[PDB]
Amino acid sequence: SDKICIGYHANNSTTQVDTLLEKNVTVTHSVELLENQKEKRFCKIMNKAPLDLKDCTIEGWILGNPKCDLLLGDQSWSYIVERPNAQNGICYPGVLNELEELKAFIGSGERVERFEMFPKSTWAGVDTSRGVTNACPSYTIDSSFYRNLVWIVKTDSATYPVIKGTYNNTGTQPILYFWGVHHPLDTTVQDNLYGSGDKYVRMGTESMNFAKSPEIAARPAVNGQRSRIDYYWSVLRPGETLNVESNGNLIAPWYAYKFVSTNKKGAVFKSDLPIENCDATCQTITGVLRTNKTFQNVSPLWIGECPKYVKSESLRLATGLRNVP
């Protein structure tokens, strides 16, 4: 007798899926939706190389710590790599005010161009050339100072006069710039450097003003210094003008950066990982993913076009049927 039978496919698959009803069900075909592989390195994104700060922090880079000269000048970057043990940051002890908001502003950019904003001749009747300190050396000169700032002191002869400077930002780009106020450990050093009298630093713009006075006091020694500097930063917008006025204690702006903002989102990765000559479309803090999968369990932090981060080990979707060979 003739048979006709109805039936279904089987094969040699041992791949399994879960359902609400049943765990470890072997199926003929399935697709894994989650990526768990990464190359442990940093690559170019959109063909642009990241910026390796090497043995400098963001602070050291952007203030011009003399041991950060290899970074000096123009930079372009897809993202920034700060090495977690970098030694060269703020050499002369003090606080950089609004540091976290600075680290965020810098991260939102893609290029800086360094330029002289105030030449030293700006400041009349003062010494611009002995503003240097052993807290803050080069690899060759063991007494130096930040390359983007000038520590102004009075001339031997004289009084510290009122000094003034103005800069009109007639460009198309916003300018990131820096200054400070010196806080000597005691009165003697105050008088040496700046003379006697109530001292001030004042600055202003069509939209900001600033005014600080020295706070003389001995604080705990850091790189041999019981004095301090308070560092400050700001952004002179296109069309704005800056006026600087001081009669003492000014750590003046010298060089600043024309800053260009990213329409994208930017990143600052604190990592040990090597930077290699490779391209990539997705870069996570812990490595690059090269994948077409729609999920990943590597890292929530990245730039580029990455898959959605989830905590799963696996996300395997059945396509075929239950395999019974």
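All residue numbers refer to positions in the sequence shown, first residue = 1.
Engineer: Which has the higher mean CA temperature factor in the PDB entry, 288 to 296 or 259 to 267?
Structural biologist: The stretch with the larger mean CA B-factor is 259 to 267.
Engineer: Of the two stretches 166 to 174 and 150 to 158, which shows the higher Cα B-factor on average in the entry?
Structural biologist: Going by the record's values, the stretch with the higher mean is 150 to 158.
Engineer: Going by the deposited entry, which of 27, 33, 63, 43 has the highest CA temperature factor?
Structural biologist: Highest CA B-factor of the listed options: 43.
Engineer: Based on the deposited C-alpha B factors for this chain, I'd like to know if residue 12 is in the lowest, middle or highest third.
Structural biologist: Highest third.
Engineer: Among all modelled residues of this chain, ranked by Cα B factor, put residue 218 in the bottom, middle or top third, i.e. lowest, middle or highest.
Structural biologist: For residue 218, the deposited C-alpha B-factor lands in the middle third.
Engineer: When the modelled residues of the chain are sorted by Cα temperature factor, does residue 103 land in the lowest, middle or highest third?
Structural biologist: Its C-alpha B-factor belongs to the lowest third of this chain's values.
Engineer: Split into thirds by Cα B-factor across the chain's modelled residues, where does residue 137 land: lowest, middle or highest?
Structural biologist: It falls in the bottom third of the chain.
Engineer: Rank-wise, by C-alpha B-factor, drop residue 243 into the lowest, middle or highest third of its chain.
Structural biologist: CA B-factor rank for residue 243: middle third.
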